[PDB]
Structures are given as C-alpha cells and as structure tokens.
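Student: Structure below; questions to follow.
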There are 2 protein chains.
Amino acid sequence: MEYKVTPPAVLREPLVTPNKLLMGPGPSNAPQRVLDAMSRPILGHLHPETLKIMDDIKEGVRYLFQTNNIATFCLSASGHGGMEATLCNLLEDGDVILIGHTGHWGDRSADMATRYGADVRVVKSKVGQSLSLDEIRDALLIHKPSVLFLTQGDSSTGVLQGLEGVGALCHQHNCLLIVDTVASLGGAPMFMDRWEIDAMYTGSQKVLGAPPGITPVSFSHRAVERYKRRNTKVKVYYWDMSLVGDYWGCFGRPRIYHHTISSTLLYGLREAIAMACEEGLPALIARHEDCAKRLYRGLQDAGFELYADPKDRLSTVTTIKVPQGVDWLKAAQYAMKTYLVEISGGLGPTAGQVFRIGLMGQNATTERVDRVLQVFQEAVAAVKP
Amino acid sequence: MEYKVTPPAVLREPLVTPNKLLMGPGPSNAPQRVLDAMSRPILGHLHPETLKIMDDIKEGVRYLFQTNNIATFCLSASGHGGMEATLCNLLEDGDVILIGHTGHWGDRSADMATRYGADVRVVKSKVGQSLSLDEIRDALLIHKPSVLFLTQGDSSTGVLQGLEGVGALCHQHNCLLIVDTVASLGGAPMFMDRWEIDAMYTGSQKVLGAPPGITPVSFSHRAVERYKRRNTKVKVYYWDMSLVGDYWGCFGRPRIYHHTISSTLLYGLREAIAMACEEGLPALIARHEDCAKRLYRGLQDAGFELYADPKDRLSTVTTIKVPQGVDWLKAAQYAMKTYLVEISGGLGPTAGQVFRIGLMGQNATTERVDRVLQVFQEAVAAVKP
C-alpha cells in the first residue's frame with residue numbers, strides 16, 4: 001500500500017502568527033475578548049445553544065443597522081458574500097440594475113451582477129467624490145432599473161456616499177435599493193429603515209474587529225416580496241434568502257439543516273457585536289469620526305495630500321496621495337519590518353496611486369492614530385529621494 | 001439622531017457554550033491544539049505569513065487527498081460550498097450531469113446543479129447500498145453526461161461508495177468525475193490521482209476536527225481544461241476557480257485581492273491538518289475503521305439493526321434503524337440532558353428512520369466508542385416500554 005504524496009515537512013514546524021498593528025483598511029485588530037471566545041468548544045449547528053447565539057446576533061445586527069426587518073441574519077461567507085447574496089436573490093436574467101460607482105466596489109458589484117445574468121448600467125461619480133442626489137435621480141430616470149446598488153463606504157477611494165432620500169426616490173420608481181456598509185458601519189451614520197434601504201450587509205472584520213468570514217445581512221419586506229415574485233430558484237442554494245432565513249429563524253417555519261455554521265466565527269462575532277452595542281452607535285461613530293479628524297490634521301500638517309474630496313470623506317478609510325518619487329510598496333515594507341505596523345496601498349482605480357490608512361474598532365483610538373502618523377511619516381521619509 | 005432600535009439586553013448576558021461530546025455526524029470535537037490556535041491574532045489576508053499558512057495547508061491537503069494537482073486550495077465556505085464551487089465551475093447551461101445517488105447528498109447535488117442551469121440526470125442506488133460499477137456504466141451509457149457526481153461517504157445513509165475504476169470509465173466516455181469526501185476523508189481510503197478523480201472536496205469539521213467553515217478543494221488538469229473551455233463566466237465570483245486559485249498561488253500569476261480569508265479558520269484548519277498528517281493516512285483511516293468495527297459489535301450484541309448493507313458501511317457515520325416504539329428525538333434529548341452527549345437522527349431519505357452515530361477525529365477512540373454505546377443504549381432504553 002503505497003502513498004506517492006508524503007506527509008509535508010512544512011507542517012512539522014510551528015504555526016507562526018506575528019502580532020501586528022493592522023492599520024490598513026481591514027481586517028482590524030481583534031479585541032482580546034473576541035480572540036478568547038474563539039477557543040470555546042465547537043457546538044452542533046442546530047443545537048439550542050447555537051440557535052441562541054444566532055438569535056442574539058440577530059438582535060445586535062438589528063441594533064447596528066437600525067432595522068426591524070424580520071429577514072435579518074448572517075451569511076457564512078466573507079463580505080463579498082453579502083454582495084453575492086444580495087445580488088443573487090434580487091436579480092433574474094435580464095433585470096436592469098444600476099450601479100452607483102464611487103470606486104472599486106462599483107466595479108466588483110457590476111461584475112457579480114453581470115455574472116448573475118443582469119443588464120448592468122453604471123453611473124460614475126466625479127473623481128474622489130460621492131454621487132449627488134441629482135446624479136442618482138438622473139440615472140434612475142434614464143435607466144429605469146429594478147435594483148440600485150450603492151456602496152456607503154467605498155474603501156478604495158475613502159469616499160462616504162450620502163443616502164438620504166435615495167430609497168424614497170427608488171420606491172417612487174419600482175426600484176429596490178441595495179447598500180454595502182462593510183467599511184462604513186460603525187464609522188458613519190446608518191438608519192436602514194429610516195433611509196428606506198431594501199438590502200444591506202456589513203463585514204465582521206472592519207469596525208467590528210471580529211474575525212473575517214461571517215457577514216450580517218438584512219432584507220426589507222419589499223426585497224422579500226421581490227424574492228417571492230421570482231419565476232426561477234436563485235442560482236445558489238448556499239445564498240438562498242428563504243433557506244438561510246429559515247435556518248436563522250426569520251419566517252414562519254421550522255429550523256432545518258441548511259449548512260453547518262461555524263460556531264467559532266459565531267463566538268467571535270457575537271462578542272464583537274456585544275462590545276459595539278455596549279459602546280452604542282452614537283459614541284462608536286463619533287469615536288471613528290473624531291479619530292479621522294485627528295489623522296487629517298496630522299497628515300495635512302506633514303504636507304500630505306488627501307485623495308477624497310473634503311466633503312466626501314469616510315472616517316474608517318483615509319486615502320492619501322503617494323507623494324512625488326516615493327515607492328509606496330517600499331514605504332509599506334519599511335513600516336512592517338521595523339514596527340510590525342501595516343500601512344496599505346490602493347485598490348482598483350486607486351491601485352498604485354494612494355496609501356490607505358484604516359481607523360477601525362480597536363484601532364480608532366488617539367494612541368493608535370498617533371502611532372500610525374509617526375510610523376507612516378518615518379516610512380515615507382525613509383524611502384523618499 | 002433618534003435610535004428606534006435599542007442595545008439588546010440579551011447581549012449583556014455571558015456567552016454560553018457547553019462542552020459536549022459531539023457523537024453525531026459532525027461537527028466533531030476540536031483538538032485542544034486547534035481551539036488554542038484560534039485565539040491567535042488576526043493577520044492581513046495578503047500578508048506573507050498568511051500566504052505561508054495557505055501554502056502549508058495546500059501541501060497538507062495534497063497529502064490527505066493523495067494528489068499532486070496544482071489547482072488545490074480551500075474555499076471560504078462550509079462543505080456545501082465545495083459542492084457549489086465544483087458544480088459552478090464545471091457546468092454551463094444545458095450540460096448533462098449524472099448524479100450517482102446513494103442518499104441525501106444526491107438530492108442536494110441535483111438541486112445545486114439544476115439551480116446552475118444543468119440538465120440533471122439521476123441514478124439511484126438500491127436501499128442501504130452503494131452503486132455498482134455496472135449500475136454506473138449503464139447510466140453513463142443512457143445519459144452520456146459530461147460530468148458524473150458521486151459522494152464517497154454519504155452521511156445520511158452511512159454508505160461508502162466504491163470508486164476504483166469509475167474515473168477511468170468516465171474518461172473513456174468524455175466525462176469528468178466529481179467526488180464529495182466531506183464525511184469519508186481520513187475514514188476510508190482515498191487516492192485522488194490514482195483513481196482518476198477530477199474534482200474533490202472535503203470538510204473541515206468532520207474527521208479533521210477543525211472548526212466548520214473552510215473547505216479544501218482540488219481540480220485535476222482535465223477539470224482545469226474544462227474550465228478553460230467555458231464560453232460563459234462562472235456565475236459566482238466568490239467560487240471562481242481561476243480567481244480563488246490565483247489568491248492561493250496555484251497558476252503562476254501574481255497573488256491579488258479576491259476576498260479577505262478568515263485568519264482564525266486558517267489557523268484551526270492548519271493545526272487540524274498538521275495533526276492528521278502527523279498521524280498519517282494509514283493509521284488515521286485504520287483507527288476510524290477499527291472504532292467502527294467496535295461500535296458494530298457493541299450495537300449488534302445489544303440487538304440493534306444497522307441500516308447500511310454490511311459490504312457498504314462508512315466508518316465515520318453509522319446509521320442504525322430506530323427500533324419499533326422508540327421516539328428517536330426523545331432518546332436524543334435524554335442523552336443530551338443527562339450526559340451532554342450528542343446522538344443524532346436521520347437526514348433526507350433517512351429522516352425519522354435512523355439514528356446516526358459519528359466516529360470522527362478526536363471521537364474515534366475506543367473510550368469514546370464505549371461511551372457512546374453506553375449512552376445510546378441508556379437513552380433508547382429510557383424511552384422504550
């Protein structure tokens with residue numbers, strides 16, 4: 001009995017996980033409480049204690065999103081999974097969707113929507129700006145879409161998209177509104193119900209500081225109605241809102257087996273959400289906004305130029321122009337090798353054009369703002385001609 | 001400024017996670033080494049230390065699968081994600097796929113394949129049995145599929161499907177072979193390359209005893225070639241083999257951003273795989289087989305009747321007929337309340353018909369076999385006249 005592949009020598013070595021200050025746009029440093037929780041024993045996916053944790057997570061997501069939507073749950077996937085599921089459930093072949101493009105996330109959503117068979121339309125913001133209400137209105141009228149997709153915090157450009165009045169306008173025109181809040185939730189105001197948003201998701205690893213890989217999502221009654229009027233089943237069983245909603249106790253029905261939830265990620269997310277709810281939205285968002293203001297003053301005093309329009313900045317991800325002659329990758333490497341602090345480059349349209357400093361969760365403190373200002377300045381100075 | 005939803009009282013309570021003996025068909029009890037690892041700090045998804053862990057995981061899955069396939073990686077999803085991704089990448093609209101049905105997993109794969117737009121054909125085994133090579137050959141001849149899907153260990157029926165010669169037969173007929181090994185890997189012989197299997201996945205939470213939520217997958221050259229000849233984009237970016245493969249360093253291209261991998265699940269999976277590789281496949285699979293033999297002797301001496309044909313038993317999941325007059329749910333509840341031990345009922349076609357006892361990873365020991373025998377016998381005796 002012969003085995004051509006042998007046990008890997010590499011696995012005989014210890015697992016190495018250096019403890020870094022993650023000042024990029026995510027993931028952010030996990031609270032010790034969330035790391036401790038993830039050593040708890042595994043539970044069965046349909047055990048009452050598991051369902052209890054899921055139930056408590058639902059209440060916490062409803063708080064953070066400011067929604068009473070019964071269709072509120074989490075997806076067993078990273079943040080892209082929120083984008084996937086929201087598009088997969090709410091689009092059928094040939095449906096017209098309008099993507100409000102304020103950065104990379106417009107490109108990614110357009111990609112997924114085309115993969116799902118939709119007729120994709122795009123309205124693009126001015127450079128470093130959000131879309132105005134007029135620009136959104138004009139595009140809605142022209143395209144007559146059934147779905148509008150916006151990214152509240154575009155982490156590629158560091159742009160915060162305003163949302164007041166947008167859902168109301170969508171609803172005047174038989175259109176659903178889907179909003180990505182992965183980078184923005186906790187760092188900017190969000191009122192899902194008040195702003196008439198129909199589908200929304202966030203990430204676990206950004207402001208929350210939970211492990212990556214589980215993503216809160218919510219659907220309005222209008223979005224559930226759209227699902228009910230589908231003529232064919234959604235393309236992916238794994239994302240089907242009715243079936244995961246049932247697993248999460250959302251609708252009339254018995255809890256049945258859909259898939260095995262990761263109790264580990266449930267534990268970390270539950271603790272992260274508990275911490276956020278205890279701080280409370282007003283304090284949480286003020287903290288991120290206030291840290292961002294401190295970061296701007298420090299950057300601008302040092303002669304750096306910010307990428308986003310001043311009226312349009314997202315507190316949690318700050319895009320800063322790469323100065324004349326500096327090799328951004330070399331600057332990042334200097335910071336990592338000398339201090340174990342992460343400073344990031346750009347994404348999508350800003351690739352190679354910017355640095356991105358994230359101020360999220362455990363890292364949105366005056367101490368950590370001052371630390372990243374210090375090391376960023378040193379790293380840039382180290383590599384500059 | 002007005003918060004209609006208030007911070008949930010429930011999240012002010014302690015997180016509660018009882019330590020149970022999970023002797024159902026999964027998840028299995030995590031090694032302490034894997035639980036400990038999941039308290040490690042979060043890393044960036046593209047940091048060298050993260051890519052190193054991913055590289056080491058790849059070597060370990062190549063070992064456990066017995067493959068040298070370059071297209072070997074993990075999906076950021078539970079076991080169903082392996083099924084989703086293998087179908088999503090290898091099927092285009094109208095492709096004929098044959099499902100070899102040996103239990104529930106035949107129904108679930110037929111479902112996903114129809115959602116993805118395939119022309120789905122099914123051949124069903126005899127009750128409690130695997131498919132014979134003749135039955136497979138006859139079905140291939142009738143349907144002339146471009147893909148055949150089999151489940152090596154069907155955890156609903158406790159049936160091990162024989163695979164010798166089927167990939168070779170498929171290839172004689174211009175057909176790819178996809179095999180689910182979520183329940184069987186580590187508990188039954190598997191040689192992916194030797195058996196000419198084109199796509200295969202396993203679960204993290206079964207024999208391996210890692211947390212649920214990340215799934216090892218591999219694709220042969222023939223499968224990669226099928227992918228390259230597609231004339232349509234795969235429907236889900238999140239599962240796209242080329243993009244996930246690039247993130248995992250498979251195809252000689254630059255690593256780029258696809259999605260944020262879960263550090264935490266990597267750590268747990270890495271340690272679980274390291275432990276399995278240390279033991280080695282010969283001893284690992286013999287341990288599961290020997291524990292199952294012990295369980296069968298204990299069950300049969302006690303007068304219980306096994307569901308699966310003696311020639312077709314899967315070591316890791318043992319289906320036992322529910323005796324006349326026993327309420328299986330009540331027996332399960334009795335065992336949980338009295339001993340914090342999990343015993344499960346059926347799944348899909350065996351729902352309400354069987355108990356299922358899992359012998360997986362940390363729980364495939366003589367001590368735990370003896371414990372589950374004691375508790376099962378007591379629980380059944382408790383609810384029976």
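According to its header, this structure was worked out by X-ray crystallography, 1.8 Å.
Cβ coordinates come from backbone N, Cα and C, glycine included.
Copied straight from Swiss-Prot:
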BINDING   B:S78, B:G79, B:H80, B:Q205, B:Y257, B:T260  pyridoxal 5'-phosphate binding site
BINDING   B:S155, B:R356  glyoxylate binding site
BINDING   B:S155  L-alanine binding site
MOD_RES   B:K206  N6-(pyridoxal phosphate)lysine
Student: Suppose we call a site close when its Cβ is under 8 Å from a Cβ of chain A; which of the recorded positions B:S155, B:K206, B:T260, B:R356 are close?
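Tutor: Correct list, in sequence order: B:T260.
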Student: Through the lens of DSSP with three states only, how would you label B:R356 (glyoxylate binding site)?
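Tutor: Note: B:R356 (glyoxylate binding site) is in a strand by DSSP.
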Student: Which one is closest to B:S78 (pyridoxal 5'-phosphate binding site) in space, judged by CA to CA distance, out of the recorded positions B:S155, B:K206, B:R356?
Tutor: B:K206
Student: What is the interatomic distance between the Cα atoms of B:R356 (glyoxylate binding site) and B:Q205 (pyridoxal 5'-phosphate binding site), given in whole Å?
Tutor: 16
Student: Just the number: how many Å between the Cα atoms of B:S155 (glyoxylate binding site) and B:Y257 (pyridoxal 5'-phosphate binding site)?
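Tutor: Given the Cα positions, B:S155 (glyoxylate binding site) is 35 Å from B:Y257 (pyridoxal 5'-phosphate binding site).
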Student: Can you tell me how spread out the pyridoxal 5'-phosphate site is, meaning the largest CA to CA distance among B:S78, B:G79, B:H80, B:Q205, B:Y257, B:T260, in Å?
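Tutor: Largest Cα to Cα distance for the pyridoxal 5'-phosphate-binding set is 27 Å.
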Student: Quick check: of the binding-site residues listed here (B:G79, B:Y257, B:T260), which one has the Cα closest to that of B:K206 (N6-(pyridoxal phosphate)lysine)?
Tutor: B:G79
Student: Please report the number of other Cβ atoms within 10 Å of the Cβ of B:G79 (pyridoxal 5'-phosphate binding site).
Tutor: 28
Student: For the binding-site residues B:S78, B:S155, B:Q205, which one has the sparsest Cβ surroundings, going by other Cβ atoms within 10 Å?
Tutor: B:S78
Student: Among B:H80, B:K206, B:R356, all listed as recorded positions, which has the most CB atoms within 10 Å of its CB?
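Tutor: The largest 10 Å Cβ neighbour count belongs to B:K206.
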Student: Taking DSSP as the reference, which of helix, strand or coil describes B:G79 (pyridoxal 5'-phosphate binding site)?
Tutor: helix
